[PDB]
């Protein structure tokens, strides 16, 4: 089928890419980076994220694969020594696919911009104090005061979510998790404190109180949005598809990255 390979750009990653291409040349495979069916990332999780966002509009047409040249990653979870055996089983096809949920972020202005996040989306102030009203399924839940908020995907919970006290969530759970960043709690400002986990079809919207300018991040991309009326979060109907090469459980991946 059609395939393509992105590289971190350093020496080891570029050479592993060329060796896999040459190996692919021994099969009924053609290199197409416009309409690929297989997208291979070589580098780290960040390299995988860029590969994800390069092909956001063809997610249901692509099975992704990640190779880590550095330390183990949660998306780049195959060692370089498995590249040759990766090429062989990829070329035959007949492999299984696994799907992770994604987070949809909609921003409303005085038009409307929608983004897809594989890890998380964060909202911070543009300089002054960050204050938003949190509305869950149209009911006002809290007035949040602090540094900002973070809405994470399941597989994103091992990233920024984890640093903010969030729980680690198995990616087979179609959910999204919201965590707080340095919240103020006194007798006048009150926040839940606890991380919140939302199921599918629940809608979490952030609404400004004073300043309508916010710094909004979506994975690597961080952009200052102005005259924002609403930021609403929900589990996306779209999913990312991975090619299943062998058994590498999420919890084993979690153990290897944080325990030993």
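Residue numbers count along the first chain shown, from 1. Whichever C-alpha set is largest while still superposing within 1.5 Å between the two forms counts as the rigid core.
Take 53 to 61 and 187 to 195, fit the other structures onto the shown form by the rigid core, and average the C-alpha distances in 6 other deposited structures of this protein: the farther stretch is 187 to 195. Among the other PDB entries of this protein that were compared and that flank it with modelled residues, residue 110 is left unmodelled in a third or more. Among the other PDB entries of this protein that were compared and that flank it with modelled residues, residue 66 is modelled in all, so it is never left out in a third of them. According to the entry, the deposited sequence has no residues without coordinates between residue 129 and residue 130, so the chain runs continuously there. For the segment pair 185 to 193 and 171 to 179, the entry gives 185 to 193 the higher mean B-factor, averaged over Cα atoms. In this entry, 22 to 30 has the higher mean Cα B-factor, the comparison being between 215 to 223 and 22 to 30. Considering 133, 147, 94, 120 together, the PDB entry gives 94 the largest C-alpha B factor.
Of the candidates 156, 165, 110, 101, the PDB record gives 110 the highest C-alpha temperature factor.
In the PDB entry, residue 57 places in the highest third of its chain by CA B-factor. Among the modelled residues of its chain, residue 49 has a C-alpha B-factor that falls in the lowest third, as given in the PDB entry. Annotation for residue 246: CA B-factor lies in the highest third of the chain's modelled residues. Compared with the other modelled residues of the chain, the Cα B-factor recorded for residue 84 ranks in the highest third.
Per-chain ranking of the deposited C-alpha B factor places residue 71 in the highest third.
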